[PDB]
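J.: Here's my sequence, what's the structure:
(one chain, ligands or ions: 9)
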Amino acid sequence: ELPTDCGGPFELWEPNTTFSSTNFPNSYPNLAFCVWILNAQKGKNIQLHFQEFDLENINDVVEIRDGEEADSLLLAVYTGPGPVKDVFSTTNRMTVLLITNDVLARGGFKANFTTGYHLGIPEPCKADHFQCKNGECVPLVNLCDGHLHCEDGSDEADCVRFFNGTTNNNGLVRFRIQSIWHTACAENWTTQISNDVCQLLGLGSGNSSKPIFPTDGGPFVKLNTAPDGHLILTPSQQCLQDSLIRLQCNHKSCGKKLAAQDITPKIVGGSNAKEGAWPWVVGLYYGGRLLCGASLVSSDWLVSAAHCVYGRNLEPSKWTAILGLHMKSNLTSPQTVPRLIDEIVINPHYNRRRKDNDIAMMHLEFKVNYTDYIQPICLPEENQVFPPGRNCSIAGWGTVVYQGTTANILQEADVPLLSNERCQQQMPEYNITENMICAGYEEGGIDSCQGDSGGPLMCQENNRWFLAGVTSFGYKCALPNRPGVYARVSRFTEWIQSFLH
Ligand SMILES: *[C@@H]1O[C@H](CO)[C@@H](O)[C@H](O)[C@H]1NC(C)=O
Ligand SMILES: *[C@@H]1O[C@H](CO)[C@@H](O)[C@H](O)[C@H]1NC(C)=O
Ligand SMILES: *[C@@H]1O[C@H](CO)[C@@H](O)[C@H](O)[C@H]1NC(C)=O
Ligand SMILES: *[C@@H]1O[C@H](CO)[C@@H](O)[C@H](O)[C@H]1NC(C)=O
Ligand SMILES: *[C@@H]1O[C@H](CO)[C@@H](O)[C@H](O)[C@H]1NC(C)=O
Ligand SMILES: *[C@@H]1O[C@H](CO)[C@@H](O)[C@H](O)[C@H]1NC(C)=O
Ligand SMILES: *[C@@H]1O[C@H](CO)[C@@H](O)[C@H](O)[C@H]1NC(C)=O
Ligand SMILES: *[C@@H]1O[C@H](CO)[C@@H](O)[C@H](O)[C@H]1NC(C)=O
Ligand SMILES: *[C@@H]1O[C@H](CO)[C@@H](O)[C@H](O)[C@H]1NC(C)=O
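T.: Numbering: from 1, shown residues only. Ligands and ions are numbered 1, 2, ... in the order given. Sharing the structure here:
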């Protein structure tokens, strides 16, 4: 008997600034979903400063968005008591959604925004410097010089990239020094430095190099070796019968298992996974309780579902990432590696009401070494399509019922892929967007459940296990004709690669 109230302060202009929920110094109504659209002038952002904030737990949240149109962004998801940071917008419209539960009504929030030109983002400094990602600017002599100057490392990042590359794993060797880009030569190019250059680019070893001729007027730089392991770029423009380096680099540690497994046919009735059969499956415990799994994509980064970390991102220290998790009742094994979380980044295009863009990055506390039972998952390459009917394996600790006991050992099962058209024909309730992929049997039996959220949809391709899905939502478990819908990682590859660097 508590319906969502409609008719609150939707449109808020410039003089009308000091807004708040209904009866702010009191208890707000439960099951309320209110929206405070913050209109502004064309060319001014929104700066919201919460004067007093004391909400309920993760059950009730305040979601701040910067939509301005049908496709809404995501700025912050605040919850819990205590002061919060001032959200800095980028457009003239900000949506403040108040998601509430049915019980435990807390006090409420109150804020006063302000419209200005590029608020939050600091003013750009003099043009003779290079601005980092945090707004601070450093002199041009301090970028790409082998010494970290930016707080995040923007001066020493993206100092070399592929040029004239037919694929994302080869091309030229254009370096950047003193804020100018230029190619290299092949007079003294060996194999001992090729793998080093490939590692600097964020790739594997060097396959081969095909120097032909120079075609650009850039001041190509000579490259030599060094006994201390430093790629020296001798500043000079003088070379006879030169040639641009067409360097070919291999991929990084991809989805290659290192355990000694056997062959066992199990399609219908998938049993437990052997110790070390899925090294890129990471567990996430929030206060001594597994909620949603994660996929190891780098040495310190994890990809998890955005619906379980929704509201639990304010305090990343409460999470605990268990790498090499095999049994839920025995963590004293030498293969289990515990780590903490220090940063949780939710996808900007996430939408809990549409279950779209369900993906989230989680930074680890300390970097973890790769072992025989811990290996990173392999991100799918750009412009890669997975055909339907492809039997891809999954992994997780799903429970047979909502409030029962889950499997102690890691469970795994193979499910075939489905097209979006047939999936929508099978699920007339939900909404299947162009960033989702459905997989599962229409006859039931092999179906995911709670506890497998964020689990990877591992599809093997040329002896390599890629990442073709992240668990987003699903209907009731143990029901036929209800395939699991996962977030299509192929559409979020660049968003993850922008953070892995
Ligand atoms: C603020 O809102 C009230 C009603 O919500 C409206 O009458 C008024 O014109 C708005 N602007 C002000 C007070 O500057
Ligand atoms: C909100 O609180 C008061 C307004 O009474 C003001 O001093 C403060 O600067 C405001 N913060 C903003 C507008 O971000
Ligand atoms: C290679 O680089 C040259 C620059 O001189 C450019 O004109 C050309 O389009 C690039 N690609 C190919 C395939 O030649
Ligand atoms: C480059 O290659 C030539 C070829 O003999 C060699 O004499 C020279 O020592 C190498 N290094 C430099 C810096 O020229
Ligand atoms: C290099 O590329 C080829 C494909 O042409 C591949 O077979 C090989 O494994 C790669 N690595 C090495 C070291 O040859
Ligand atoms: C947990 O694993 C260790 C090492 O594998 C083993 O010694 C211990 O007996 C296990 N715990 C239980 C309850 O079996
Ligand atoms: C991981 O690799 C580093 C690099 O040498 C090493 O110092 C460390 O002992 C290794 N093991 C762990 C648990 O960090
Ligand atoms: C999936 O498994 C079934 C079981 O017989 C098989 O017929 C089908 O070919 C498999 N799909 C792929 C892509 O291997
Ligand atoms: C999602 O909902 C819209 C209505 O806003 C509808 O037009 C669309 O067909 C739905 N998506 C699917 C896959 O049916």
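J.: State the number of residues packed around the residue in the chain that ligand 1 sits nearest to.
T.: Closest approach between the chain and ligand 1, counting by Cβ to the nearest ligand atom: residue 15, at 3.3 Å. Bear in mind the C-beta positions are built from the backbone N, C-alpha and C, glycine included. Using other Cβ atoms under 10 Å, residue 15 has 5 other residues around it.
J.: so where do the helices sit in the chain?
T.: Secondary structure of the chain (DSSP state H): helices located at 194-200, 420-426, 493-500.
J.: Excluding sequence neighbours, find me the nearest residue to the residue in the chain that ligand 4 sits nearest to.
T.: As assessed by Cβ to the nearest ligand atom, ligand 4 sits closest to residue 188 within the chain, at 3.8 Å. In space, and not counting its chain neighbours, residue 188 is closest to residue 224: 5.6 Å by Cβ to Cβ, 6 or more residues apart in numbering.
J.: looking at it, the one you found is touching residue 234, isn't it?
T.: Yes. If you go by Cβ atoms under 8 Å, residue 224 and residue 234 touch, sitting 6.4 Å apart.
J.: The two - which one has more neighbours?
T.: Between residue 224 and residue 234, counted using other Cβ under 10 Å, the more crowded position is residue 224 (13 against 10).
J.: looking at the sheet around the more buried one, what are its partners?
T.: Taking DSSP bridges as the rule, residue 224 bridges to residue 232.
J.: need the contact list for it.
T.: Residue 224 makes contact with 188, 232, 234 under the criterion Cβ atoms under 8 Å, 6 or more residues apart in numbering.
J.: Pull up the gap between residue 389 and ligand 6, please.
T.: In this view, residue 389 and ligand 6 are 40 Å apart by Cβ to the nearest ligand atom, to the nearest Å.
J.: Quick check: that residue touching residue 422?
T.: No. Between residue 389 and residue 422 there is no contact, the gap being 10.6 Å when judged by Cβ under 8 Å.
J.: which of the two has more neighbours?
T.: For residue 389 versus residue 422, neighbours defined as other Cβ under 10 Å are more numerous around residue 422 (14 against 9).
J.: okay, now residue 192: neighbour count?
T.: Residues lying near residue 192 (other Cβ under 10 Å) number 10.
J.: nearest residue to it other than its sequence neighbours?
T.: Nearest one to residue 192, counting by Cβ to Cβ, 6+ apart, is residue 225 at 5.9 Å.
J.: Can you give me the neighbour number for that neighbour?
T.: By the criterion of other Cβ under 10 Å, residue 225 has 14 neighbours.
J.: Next: residue 219.
T.: Residue 219: 13 neighbours (other Cβ under 10 Å).
J.: I'd like to know how far it sits from ligand 8.
T.: 52 Å.
J.: Quick check, residue 148 in contact with residue 156.
T.: Yes. Counting by Cβ under 8 Å, residue 148 touches residue 156, with 5.6 Å between them.
J.: Spell out which parts of the stretch 151-300 of the chain neighbour ligand 3.
T.: Residues of the stretch 151-300 of the chain found near ligand 3 (Cβ under 6 Å from any ligand atom) are 164, 215, 216.
J.: Is it correct that the first one is in contact with residue 183?
T.: No. Here residue 164 lies out of contact with residue 183, judged by Cβ under 8 Å, at a distance of 9.7 Å.
J.: Show me which of the two is the more surrounded one.
T.: Per other Cβ under 10 Å, whichever of residue 164 and residue 183 has more neighbours is residue 183, with 21 against 13.
J.: What residues does this protein have near ligand 2?
T.: Counting by Cβ under 6 Å from any ligand atom, the chain sits next to ligand 2 at 47, 49, 51, 112, 114.
J.: residues touching the second one, list them.
T.: By Cβ under 8 Å, 6+ apart, the contact set of residue 49 is 86, 111, 112, 113, 114.
J.: hey, what's it bridged with?
T.: residue 112.
J.: Residue in the stretch 51-200 of the chain with the shortest distance to ligand 3?
T.: residue 164 (3.8 Å).
J.: Stretch 314-324 spans what distance, first to last residue?
T.: 26 Å (Cα to Cα, to the nearest Å).
J.: That one and ligand 6 in contact?
T.: No. Counting by Cβ under 6 Å from any ligand atom, ligand 6 has no neighbours in stretch 314-324; the shortest distance is 12.2 Å.
J.: The residue of the chain closest to ligand 4 reaches residue 221, doesn't it?
T.: No. The criterion here is Cβ under 8 Å, and residue 188 misses it with residue 221 at 11.8 Å.
J.: more crowded one of these two?
T.: Taking other Cβ under 10 Å, residue 188 and residue 221 do not tie; residue 221 has more neighbours (19 against 12).
J.: Leaving out the residues flanking it, which one is nearest to that one?
T.: Looking at residue 221 with Cβ to Cβ, 6+ apart, the closest residue is residue 233, at 4.6 Å.
J.: dump the residue contacts of that neighbour.
T.: 175, 177, 184, 221, 222, 223.
J.: Test my guess that the fourth one contacts residue 174.
T.: No. Using Cβ under 8 Å, residue 221 is not in contact with residue 174, being 9.8 Å away.
J.: so what sits against both of these two?
T.: Common neighbours of residue 221 and residue 174 (Cβ under 8 Å, 6+ apart) are 182, 183, 184.
J.: if we can go back for a sec, turn the helices of the chain into TSV, columns for distance to ligand 4.
T.: Shown next, in TSV, are the helices of the chain (distance: least, Cβ to the nearest ligand atom, whole Å):
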stretch	distance to ligand 4
helix 194-200	16
helix 420-426	57
helix 493-500	35
